[PDB]
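Pasting start.pdb here (PDB, C-alpha atoms and all ligand atoms):
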ATOM      1  CA  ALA N   1      49.768  81.602 -35.293  1.00  0.00           C
ATOM      2  CA  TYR N   2      46.957  79.169 -36.182  1.00  0.00           C
ATOM      3  CA  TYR N   3      45.527  78.183 -39.583  1.00  0.00           C
ATOM      4  CA  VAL N   4      42.054  77.371 -40.894  1.00  0.00           C
ATOM      5  CA  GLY N   5      40.520  75.839 -44.006  1.00  0.00           C
ATOM      6  CA  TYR N   6      37.220  74.353 -45.189  1.00  0.00           C
ATOM      7  CA  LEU N   7      36.427  70.847 -46.352  1.00  0.00           C
ATOM      8  CA  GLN N   8      34.310  70.274 -49.437  1.00  0.00           C
ATOM      9  CA  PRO N   9      32.968  67.206 -51.265  1.00  0.00           C
ATOM     10  CA  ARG N  10      35.751  65.415 -53.097  1.00  0.00           C
ATOM     11  CA  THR N  11      36.304  61.958 -54.461  1.00  0.00           C
ATOM     12  CA  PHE N  12      39.624  60.764 -53.080  1.00  0.00           C
ATOM     13  CA  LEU N  13      41.831  57.742 -53.611  1.00  0.00           C
ATOM     14  CA  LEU N  14      43.356  56.304 -50.446  1.00  0.00           C
ATOM     15  CA  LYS N  15      46.404  54.021 -50.347  1.00  0.00           C
ATOM     16  CA  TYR N  16      46.319  51.820 -47.276  1.00  0.00           C
ATOM     17  CA  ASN N  17      49.782  50.350 -46.776  1.00  0.00           C
ATOM     18  CA  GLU N  18      50.908  47.063 -45.201  1.00  0.00           C
ATOM     19  CA  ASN N  19      50.232  48.409 -41.710  1.00  0.00           C
ATOM     20  CA  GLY N  20      46.795  49.693 -42.701  1.00  0.00           C
ATOM     21  CA  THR N  21      47.746  53.367 -42.365  1.00  0.00           C
ATOM     22  CA  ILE N  22      47.206  55.882 -45.123  1.00  0.00           C
ATOM     23  CA  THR N  23      50.496  56.973 -46.683  1.00  0.00           C
ATOM     24  CA  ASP N  24      49.419  58.970 -49.728  1.00  0.00           C
ATOM     25  CA  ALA N  25      46.234  59.982 -51.494  1.00  0.00           C
ATOM     26  CA  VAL N  26      45.112  61.726 -54.665  1.00  0.00           C
ATOM     27  CA  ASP N  27      42.436  64.391 -55.016  1.00  0.00           C
ATOM     28  CA  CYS N  28      40.582  62.978 -57.999  1.00  0.00           C
ATOM     29  CA  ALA N  29      39.315  66.357 -59.252  1.00  0.00           C
ATOM     30  CA  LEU N  30      42.393  68.585 -59.100  1.00  0.00           C
ATOM     31  CA  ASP N  31      43.962  68.343 -62.542  1.00  0.00           C
TER      32      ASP N  31
ATOM     33  CA  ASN D   1      29.197  29.551 -37.193  1.00  0.00           C
ATOM     34  CA  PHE D   2      30.303  32.826 -35.664  1.00  0.00           C
ATOM     35  CA  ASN D   3      28.451  35.909 -34.474  1.00  0.00           C
ATOM     36  CA  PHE D   4      30.016  39.282 -33.657  1.00  0.00           C
ATOM     37  CA  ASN D   5      27.672  42.183 -32.811  1.00  0.00           C
ATOM     38  CA  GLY D   6      25.134  40.742 -35.263  1.00  0.00           C
ATOM     39  CA  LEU D   7      27.536  39.835 -38.078  1.00  0.00           C
ATOM     40  CA  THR D   8      26.783  36.229 -38.946  1.00  0.00           C
ATOM     41  CA  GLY D   9      28.791  33.967 -41.212  1.00  0.00           C
ATOM     42  CA  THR D  10      30.817  30.783 -41.315  1.00  0.00           C
ATOM     43  CA  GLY D  11      34.481  29.931 -41.625  1.00  0.00           C
ATOM     44  CA  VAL D  12      37.551  29.435 -39.442  1.00  0.00           C
ATOM     45  CA  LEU D  13      39.216  31.861 -37.032  1.00  0.00           C
ATOM     46  CA  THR D  14      42.834  32.342 -36.010  1.00  0.00           C
ATOM     47  CA  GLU D  15      45.151  34.789 -34.260  1.00  0.00           C
ATOM     48  CA  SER D  16      46.085  37.992 -36.075  1.00  0.00           C
ATOM     49  CA  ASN D  17      49.561  38.800 -37.288  1.00  0.00           C
ATOM     50  CA  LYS D  18      48.062  42.085 -38.497  1.00  0.00           C
ATOM     51  CA  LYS D  19      48.516  45.019 -36.145  1.00  0.00           C
ATOM     52  CA  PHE D  20      45.308  46.902 -35.497  1.00  0.00           C
ATOM     53  CA  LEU D  21      44.280  50.507 -34.989  1.00  0.00           C
ATOM     54  CA  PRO D  22      42.636  51.383 -31.652  1.00  0.00           C
ATOM     55  CA  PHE D  23      39.429  52.822 -33.086  1.00  0.00           C
ATOM     56  CA  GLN D  24      38.301  50.407 -35.837  1.00  0.00           C
ATOM     57  CA  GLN D  25      36.491  47.100 -35.611  1.00  0.00           C
ATOM     58  CA  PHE D  26      36.279  45.582 -39.054  1.00  0.00           C
ATOM     59  CA  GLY D  27      38.734  44.297 -41.590  1.00  0.00           C
ATOM     60  CA  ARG D  28      37.067  44.301 -44.983  1.00  0.00           C
ATOM     61  CA  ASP D  29      38.623  42.870 -48.115  1.00  0.00           C
ATOM     62  CA  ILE D  30      38.523  43.947 -51.718  1.00  0.00           C
ATOM     63  CA  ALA D  31      35.849  41.264 -52.025  1.00  0.00           C
ATOM     64  CA  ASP D  32      33.545  43.032 -49.526  1.00  0.00           C
ATOM     65  CA  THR D  33      33.755  40.364 -46.843  1.00  0.00           C
ATOM     66  CA  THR D  34      35.017  40.420 -43.298  1.00  0.00           C
ATOM     67  CA  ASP D  35      38.478  39.040 -42.602  1.00  0.00           C
ATOM     68  CA  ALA D  36      39.332  40.717 -39.295  1.00  0.00           C
ATOM     69  CA  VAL D  37      37.289  41.458 -36.180  1.00  0.00           C
ATOM     70  CA  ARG D  38      38.003  42.192 -32.545  1.00  0.00           C
ATOM     71  CA  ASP D  39      36.131  40.577 -29.661  1.00  0.00           C
ATOM     72  CA  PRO D  40      33.715  43.185 -28.223  1.00  0.00           C
ATOM     73  CA  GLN D  41      34.842  42.257 -24.710  1.00  0.00           C
ATOM     74  CA  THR D  42      38.466  41.239 -25.335  1.00  0.00           C
ATOM     75  CA  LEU D  43      41.054  43.350 -27.126  1.00  0.00           C
ATOM     76  CA  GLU D  44      42.460  40.352 -29.015  1.00  0.00           C
ATOM     77  CA  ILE D  45      42.071  40.513 -32.794  1.00  0.00           C
ATOM     78  CA  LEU D  46      41.075  37.493 -34.873  1.00  0.00           C
ATOM     79  CA  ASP D  47      41.542  36.714 -38.552  1.00  0.00           C
ATOM     80  CA  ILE D  48      38.581  35.311 -40.494  1.00  0.00           C
ATOM     81  CA  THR D  49      39.241  32.728 -43.164  1.00  0.00           C
TER      82      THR D  49
ATOM     83  CA  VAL R   1      29.557  55.406 -76.481  1.00  0.00           C
ATOM     84  CA  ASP R   2      29.402  57.535 -73.369  1.00  0.00           C
ATOM     85  CA  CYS R   3      28.031  55.831 -70.287  1.00  0.00           C
ATOM     86  CA  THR R   4      26.152  58.318 -68.202  1.00  0.00           C
ATOM     87  CA  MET R   5      24.441  60.741 -70.550  1.00  0.00           C
ATOM     88  CA  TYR R   6      23.144  57.830 -72.590  1.00  0.00           C
ATOM     89  CA  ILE R   7      21.515  56.418 -69.490  1.00  0.00           C
ATOM     90  CA  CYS R   8      20.212  59.662 -68.074  1.00  0.00           C
ATOM     91  CA  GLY R   9      21.402  62.753 -69.922  1.00  0.00           C
ATOM     92  CA  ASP R  10      23.055  65.505 -67.796  1.00  0.00           C
ATOM     93  CA  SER R  11      20.667  64.971 -64.883  1.00  0.00           C
ATOM     94  CA  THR R  12      21.764  64.581 -61.296  1.00  0.00           C
ATOM     95  CA  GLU R  13      19.494  62.219 -59.375  1.00  0.00           C
ATOM     96  CA  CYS R  14      19.269  59.775 -62.248  1.00  0.00           C
ATOM     97  CA  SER R  15      23.058  59.527 -62.234  1.00  0.00           C
ATOM     98  CA  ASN R  16      23.156  58.959 -58.477  1.00  0.00           C
ATOM     99  CA  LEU R  17      21.022  55.883 -58.987  1.00  0.00           C
ATOM    100  CA  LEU R  18      23.484  54.721 -61.616  1.00  0.00           C
ATOM    101  CA  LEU R  19      26.521  54.602 -59.314  1.00  0.00           C
ATOM    102  CA  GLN R  20      24.697  52.336 -56.871  1.00  0.00           C
ATOM    103  CA  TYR R  21      24.804  49.711 -59.643  1.00  0.00           C
ATOM    104  CA  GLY R  22      28.560  49.548 -59.189  1.00  0.00           C
ATOM    105  CA  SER R  23      30.723  49.561 -62.271  1.00  0.00           C
ATOM    106  CA  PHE R  24      28.752  48.455 -65.315  1.00  0.00           C
ATOM    107  CA  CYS R  25      29.664  51.098 -67.845  1.00  0.00           C
ATOM    108  CA  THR R  26      33.209  51.500 -66.530  1.00  0.00           C
ATOM    109  CA  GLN R  27      34.210  48.216 -68.147  1.00  0.00           C
ATOM    110  CA  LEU R  28      32.028  48.949 -71.170  1.00  0.00           C
ATOM    111  CA  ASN R  29      34.273  51.849 -72.104  1.00  0.00           C
ATOM    112  CA  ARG R  30      37.336  49.628 -71.651  1.00  0.00           C
ATOM    113  CA  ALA R  31      35.556  47.122 -73.831  1.00  0.00           C
ATOM    114  CA  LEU R  32      34.870  49.712 -76.502  1.00  0.00           C
ATOM    115  CA  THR R  33      38.145  51.567 -76.120  1.00  0.00           C
ATOM    116  CA  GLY R  34      39.680  48.104 -76.262  1.00  0.00           C
ATOM    117  CA  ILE R  35      38.213  47.523 -79.680  1.00  0.00           C
ATOM    118  CA  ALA R  36      38.943  51.145 -80.582  1.00  0.00           C
ATOM    119  CA  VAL R  37      42.693  50.608 -80.478  1.00  0.00           C
ATOM    120  CA  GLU R  38      42.137  47.241 -82.149  1.00  0.00           C
ATOM    121  CA  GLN R  39      41.201  48.460 -85.619  1.00  0.00           C
ATOM    122  CA  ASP R  40      43.921  51.057 -85.231  1.00  0.00           C
ATOM    123  CA  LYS R  41      46.135  48.073 -84.500  1.00  0.00           C
ATOM    124  CA  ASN R  42      44.531  46.336 -87.470  1.00  0.00           C
ATOM    125  CA  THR R  43      45.083  49.203 -89.895  1.00  0.00           C
ATOM    126  CA  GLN R  44      48.683  49.487 -88.723  1.00  0.00           C
ATOM    127  CA  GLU R  45      49.199  45.758 -89.268  1.00  0.00           C
ATOM    128  CA  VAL R  46      47.475  45.604 -92.662  1.00  0.00           C
ATOM    129  CA  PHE R  47      49.162  48.346 -94.690  1.00  0.00           C
ATOM    130  CA  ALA R  48      52.407  49.644 -93.171  1.00  0.00           C
ATOM    131  CA  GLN R  49      54.218  46.338 -93.491  1.00  0.00           C
TER     132      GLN R  49
ATOM    133  CA  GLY Y   1      73.474  37.380 -78.365  1.00  0.00           C
ATOM    134  CA  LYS Y   2      71.392  40.342 -79.506  1.00  0.00           C
ATOM    135  CA  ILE Y   3      68.199  38.466 -78.641  1.00  0.00           C
ATOM    136  CA  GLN Y   4      69.662  37.572 -75.267  1.00  0.00           C
ATOM    137  CA  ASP Y   5      70.525  41.228 -74.631  1.00  0.00           C
ATOM    138  CA  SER Y   6      67.171  42.639 -75.745  1.00  0.00           C
ATOM    139  CA  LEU Y   7      65.378  40.175 -73.491  1.00  0.00           C
ATOM    140  CA  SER Y   8      67.817  40.589 -70.599  1.00  0.00           C
ATOM    141  CA  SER Y   9      67.003  44.316 -70.379  1.00  0.00           C
ATOM    142  CA  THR Y  10      63.563  45.144 -71.770  1.00  0.00           C
ATOM    143  CA  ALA Y  11      60.251  43.536 -70.817  1.00  0.00           C
ATOM    144  CA  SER Y  12      58.160  45.551 -73.309  1.00  0.00           C
ATOM    145  CA  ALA Y  13      58.656  42.823 -75.915  1.00  0.00           C
ATOM    146  CA  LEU Y  14      56.436  40.385 -73.957  1.00  0.00           C
ATOM    147  CA  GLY Y  15      53.355  42.554 -74.482  1.00  0.00           C
ATOM    148  CA  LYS Y  16      51.447  39.968 -76.497  1.00  0.00           C
ATOM    149  CA  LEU Y  17      51.271  37.568 -73.548  1.00  0.00           C
ATOM    150  CA  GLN Y  18      51.193  40.287 -70.928  1.00  0.00           C
ATOM    151  CA  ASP Y  19      48.046  41.941 -72.229  1.00  0.00           C
ATOM    152  CA  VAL Y  20      46.259  38.584 -72.079  1.00  0.00           C
ATOM    153  CA  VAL Y  21      47.284  38.037 -68.467  1.00  0.00           C
ATOM    154  CA  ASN Y  22      46.149  41.557 -67.597  1.00  0.00           C
ATOM    155  CA  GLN Y  23      42.864  41.114 -69.469  1.00  0.00           C
ATOM    156  CA  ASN Y  24      42.007  38.076 -67.380  1.00  0.00           C
ATOM    157  CA  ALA Y  25      43.158  39.351 -63.981  1.00  0.00           C
ATOM    158  CA  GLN Y  26      41.217  42.558 -64.628  1.00  0.00           C
ATOM    159  CA  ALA Y  27      38.035  40.690 -65.532  1.00  0.00           C
ATOM    160  CA  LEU Y  28      38.192  38.742 -62.280  1.00  0.00           C
ATOM    161  CA  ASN Y  29      38.625  41.925 -60.270  1.00  0.00           C
ATOM    162  CA  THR Y  30      35.675  43.729 -61.842  1.00  0.00           C
ATOM    163  CA  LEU Y  31      33.490  40.649 -61.385  1.00  0.00           C
ATOM    164  CA  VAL Y  32      34.423  40.428 -57.731  1.00  0.00           C
ATOM    165  CA  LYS Y  33      33.964  44.154 -57.202  1.00  0.00           C
ATOM    166  CA  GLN Y  34      30.369  43.793 -58.373  1.00  0.00           C
ATOM    167  CA  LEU Y  35      29.607  42.104 -55.054  1.00  0.00           C
ATOM    168  CA  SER Y  36      29.921  45.555 -53.453  1.00  0.00           C
ATOM    169  CA  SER Y  37      26.867  46.988 -55.270  1.00  0.00           C
ATOM    170  CA  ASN Y  38      23.324  47.000 -53.956  1.00  0.00           C
ATOM    171  CA  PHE Y  39      21.421  46.381 -57.225  1.00  0.00           C
ATOM    172  CA  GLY Y  40      18.338  48.087 -55.785  1.00  0.00           C
ATOM    173  CA  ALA Y  41      18.537  46.556 -52.335  1.00  0.00           C
ATOM    174  CA  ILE Y  42      18.963  47.728 -48.757  1.00  0.00           C
ATOM    175  CA  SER Y  43      22.570  46.477 -48.645  1.00  0.00           C
ATOM    176  CA  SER Y  44      25.241  45.061 -50.942  1.00  0.00           C
ATOM    177  CA  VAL Y  45      25.949  42.237 -48.458  1.00  0.00           C
ATOM    178  CA  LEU Y  46      23.484  39.373 -48.359  1.00  0.00           C
ATOM    179  CA  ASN Y  47      24.063  38.283 -44.805  1.00  0.00           C
ATOM    180  CA  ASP Y  48      22.978  41.619 -43.363  1.00  0.00           C
ATOM    181  CA  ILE Y  49      19.638  41.193 -45.137  1.00  0.00           C
TER     182      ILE Y  49
ATOM    183  CA  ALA B   1      46.950  85.971 -45.211  1.00  0.00           C
ATOM    184  CA  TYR B   2      47.118  82.665 -47.069  1.00  0.00           C
ATOM    185  CA  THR B   3      49.289  79.553 -47.238  1.00  0.00           C
ATOM    186  CA  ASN B   4      49.364  76.405 -49.337  1.00  0.00           C
ATOM    187  CA  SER B   5      47.277  73.443 -48.156  1.00  0.00           C
ATOM    188  CA  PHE B   6      49.820  70.863 -49.231  1.00  0.00           C
ATOM    189  CA  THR B   7      48.495  67.371 -48.427  1.00  0.00           C
ATOM    190  CA  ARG B   8      47.707  67.185 -44.681  1.00  0.00           C
ATOM    191  CA  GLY B   9      43.970  67.729 -45.060  1.00  0.00           C
ATOM    192  CA  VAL B  10      43.393  63.967 -45.179  1.00  0.00           C
ATOM    193  CA  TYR B  11      41.943  61.513 -42.674  1.00  0.00           C
ATOM    194  CA  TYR B  12      40.423  58.089 -42.305  1.00  0.00           C
ATOM    195  CA  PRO B  13      36.858  58.519 -43.646  1.00  0.00           C
ATOM    196  CA  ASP B  14      35.369  55.514 -41.843  1.00  0.00           C
ATOM    197  CA  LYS B  15      36.010  52.953 -39.113  1.00  0.00           C
ATOM    198  CA  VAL B  16      36.699  50.094 -41.539  1.00  0.00           C
ATOM    199  CA  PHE B  17      40.134  48.514 -41.732  1.00  0.00           C
ATOM    200  CA  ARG B  18      41.934  47.897 -45.001  1.00  0.00           C
ATOM    201  CA  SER B  19      45.503  46.969 -45.876  1.00  0.00           C
ATOM    202  CA  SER B  20      47.663  47.243 -48.975  1.00  0.00           C
ATOM    203  CA  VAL B  21      44.851  48.379 -51.286  1.00  0.00           C
ATOM    204  CA  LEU B  22      44.041  51.593 -53.099  1.00  0.00           C
ATOM    205  CA  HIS B  23      40.413  52.307 -52.229  1.00  0.00           C
TER     206      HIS B  23
HETATM  207  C1  LIG N 101      54.654  48.376 -40.697  1.00  0.00           C
HETATM  208  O1  LIG N 101      55.042  47.030 -40.434  1.00  0.00           O
HETATM  209  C2  LIG N 101      56.420  46.770 -40.691  1.00  0.00           C
HETATM  210  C3  LIG N 101      56.668  45.298 -40.395  1.00  0.00           C
HETATM  211  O2  LIG N 101      57.355  44.689 -41.493  1.00  0.00           O
HETATM  212  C4  LIG N 101      57.320  47.678 -39.857  1.00  0.00           C
HETATM  213  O3  LIG N 101      58.695  47.484 -40.207  1.00  0.00           O
HETATM  214  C5  LIG N 101      56.951  49.131 -40.085  1.00  0.00           C
HETATM  215  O4  LIG N 101      57.706  49.976 -39.212  1.00  0.00           O
HETATM  216  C6  LIG N 101      55.471  49.313 -39.817  1.00  0.00           C
HETATM  217  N1  LIG N 101      55.091  50.692 -40.067  1.00  0.00           N
HETATM  218  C7  LIG N 101      54.846  51.579 -39.097  1.00  0.00           C
HETATM  219  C8  LIG N 101      54.398  52.941 -39.546  1.00  0.00           C
HETATM  220  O5  LIG N 101      54.951  51.315 -37.910  1.00  0.00           O
HETATM  221  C1  LIG N 102      32.015  42.055 -19.269  1.00  0.00           C
HETATM  222  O1  LIG N 102      33.018  41.182 -19.787  1.00  0.00           O
HETATM  223  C2  LIG N 102      34.352  41.666 -19.547  1.00  0.00           C
HETATM  224  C3  LIG N 102      35.296  40.684 -20.201  1.00  0.00           C
HETATM  225  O2  LIG N 102      36.233  41.338 -21.046  1.00  0.00           O
HETATM  226  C4  LIG N 102      34.607  41.820 -18.045  1.00  0.00           C
HETATM  227  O3  LIG N 102      35.862  42.466 -17.866  1.00  0.00           O
HETATM  228  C5  LIG N 102      33.509  42.641 -17.373  1.00  0.00           C
HETATM  229  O4  LIG N 102      33.660  42.589 -15.958  1.00  0.00           O
HETATM  230  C6  LIG N 102      32.130  42.119 -17.764  1.00  0.00           C
HETATM  231  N1  LIG N 102      31.081  42.957 -17.206  1.00  0.00           N
HETATM  232  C7  LIG N 102      30.028  42.490 -16.522  1.00  0.00           C
HETATM  233  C8  LIG N 102      29.960  40.998 -16.321  1.00  0.00           C
HETATM  234  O5  LIG N 102      29.168  43.240 -16.074  1.00  0.00           O
HETATM  235  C1  LIG N 103      44.725  82.212 -53.056  1.00  0.00           C
HETATM  236  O1  LIG N 103      44.660  81.652 -54.345  1.00  0.00           O
HETATM  237  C2  LIG N 103      43.543  82.373 -54.865  1.00  0.00           C
HETATM  238  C3  LIG N 103      43.424  81.990 -56.334  1.00  0.00           C
HETATM  239  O2  LIG N 103      44.533  81.145 -56.660  1.00  0.00           O
HETATM  240  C4  LIG N 103      43.627  83.903 -54.616  1.00  0.00           C
HETATM  241  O3  LIG N 103      42.290  84.414 -54.573  1.00  0.00           O
HETATM  242  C5  LIG N 103      44.314  84.339 -53.308  1.00  0.00           C
HETATM  243  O4  LIG N 103      44.574  85.745 -53.316  1.00  0.00           O
HETATM  244  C6  LIG N 103      45.553  83.479 -53.117  1.00  0.00           C
HETATM  245  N1  LIG N 103      46.441  83.788 -52.006  1.00  0.00           N
HETATM  246  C7  LIG N 103      47.054  84.976 -51.946  1.00  0.00           C
HETATM  247  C8  LIG N 103      48.117  85.178 -50.905  1.00  0.00           C
HETATM  248  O5  LIG N 103      46.801  85.860 -52.747  1.00  0.00           O
END
Would you put the structure from the file into structure tokens?
Amino acid sequence: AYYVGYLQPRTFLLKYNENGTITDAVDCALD
Amino acid sequence: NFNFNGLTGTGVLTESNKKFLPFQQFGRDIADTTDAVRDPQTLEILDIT
Amino acid sequence: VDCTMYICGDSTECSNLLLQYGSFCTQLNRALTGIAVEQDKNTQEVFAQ
Amino acid sequence: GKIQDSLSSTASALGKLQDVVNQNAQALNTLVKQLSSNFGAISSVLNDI
Amino acid sequence: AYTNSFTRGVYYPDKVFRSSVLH
């Protein structure tokens, strides 16, 4: 029971943490 | 006066407390300079100051 | 004052050459919005005492 | 005692100083972030050029 | 059929390390 979606151009904000791994982001054009 | 894969620059180098991801090469700062590289023939990671 | 449509005016490839100049007009808004609240802060501090 | 209470809980009252500190630390950051922009060049970093 | 793409459509966009910064 697989999924599928499509990527599209978005400006995103990426929060690198202490370890250097992404932990949360925000889709700049959502709301 | 270091050189890593063509990246020139000056400064001092030390061991890395920072853990590193096994696909990157470059630590870049807010200030758009390189603070962290890995030796391209040794998997040790160095800090650039 | 709006940044982008003053510089170009609702046109794409002119605006793409703007963003390669970094963040000029981003602080210009915060300059002008900064003075925008200031006379509101002035009018508040000059009558409703 | 009321002053001591109002200061011992709320930090909003320090806004006069706090906005100044923010205004400076923000100016530094935008200035430094301008090093990341190309200005009509082949690269925003000098040493590559 | 449809489901809600919550937040796990995200990845590292480049091979450049960063720490403790919102970029
Ligand atoms: C990040 O580093 C800290 C070291 O203080 C560690 O406790 C934490 O588990 C690390 N995070 C991950 C995801 O390994
Ligand atoms: C290249 O250098 C590495 C050192 O990490 C060594 O393991 C390898 O044998 C070398 N390859 C040569 C000399 O062809
Ligand atoms: C997907 O959302 C869109 C609009 O919100 C709609 O076209 C579609 O039918 C939704 N999913 C389902 C199960 O209807």
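Based on all atoms listed in the file, the protein and nucleic acid residues found within 8 Å of ligand LIG 103 (chain N) are, by chain and then by number, residues 1, 2 and 3 of chain B.
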May I have the residues within 9 Å of ligand LIG 101 (chain N), computed using all atoms listed in the file, as a ChimeraX atom specification? /N:17-21 /D:18-19
For the residues in the current selection, export C-alpha atoms as a CSV table (one decimal), in the frame of the given file.
chain,number,residue,atom,x,y,z
N,17,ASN,CA,49.8,50.4,-46.8
N,18,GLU,CA,50.9,47.1,-45.2
N,19,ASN,CA,50.2,48.4,-41.7
N,20,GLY,CA,46.8,49.7,-42.7
N,21,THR,CA,47.7,53.4,-42.4
D,18,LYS,CA,48.1,42.1,-38.5
D,19,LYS,CA,48.5,45.0,-36.1
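Picked by the PyMOL selection byres (((chain B and resi 5) around 12) and not hetatm) from the coordinates shown: residues 3, 4, 5, 6 and 7 of chain N; 2, 3, 4, 6, 7, 8, 9 and 10 of chain B.
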Assuming the chain letters and numbering stay as they are in my file, what does the PyMOL selection byres (((chain R and resi 2) around 10) and not hetatm) actually select? List them as a count of residues only. 10
Could you give me the residues within 10 Å of ligand LIG 102 (chain N), counting all atoms listed in the file, as a VMD selection string? chain D and resid 39 to 43
Once the PyMOL selection byres ((chain B) within 7 of (chain N and not hetatm)) has been evaluated on this model, what residues remain selected, and can you format them as a list in words?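 Residues picked by the PyMOL selection byres ((chain B) within 7 of (chain N and not hetatm)): residues 17, 18, 19, 20, 21, 22 and 23 of chain B.
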Counting only C-alpha atoms, the residue of D:12, D:7, D:21, D:31 that sits nearest chain N: D:21
Closest-contact table, chain R side, partner chain Y, 12 Å, counting only C-alpha atoms, as CSV:
residue,atom,partner,partner_atom,distance
R:17,CA,Y:40,CA,8.8
R:18,CA,Y:39,CA,9.6
R:19,CA,Y:37,CA,8.6
R:20,CA,Y:37,CA,6.0
R:21,CA,Y:39,CA,5.3
R:22,CA,Y:37,CA,5.0
R:23,CA,Y:34,CA,7.0
R:24,CA,Y:34,CA,8.5
R:25,CA,Y:30,CA,11.2
R:26,CA,Y:30,CA,9.4
R:27,CA,Y:30,CA,7.9
R:28,CA,Y:30,CA,11.3
R:30,CA,Y:23,CA,10.4
R:31,CA,Y:23,CA,10.4
R:34,CA,Y:23,CA,10.3
Step by step, gather every atom of stretch 10-17 of chain R that the file lists, find the box along x, y and z that holds them, add 4 Å on each side, and finally give centre and edge lengths in Å to one decimal, as lines of an AutoDock Vina configuration file.
center_x = 21.2
center_y = 60.7
center_z = -63.1
size_x = 11.9
size_y = 17.6
size_z = 17.3
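The coordinates place atom CA of residue Y:28 at 24.9 Å from atom CA of residue Y:13.
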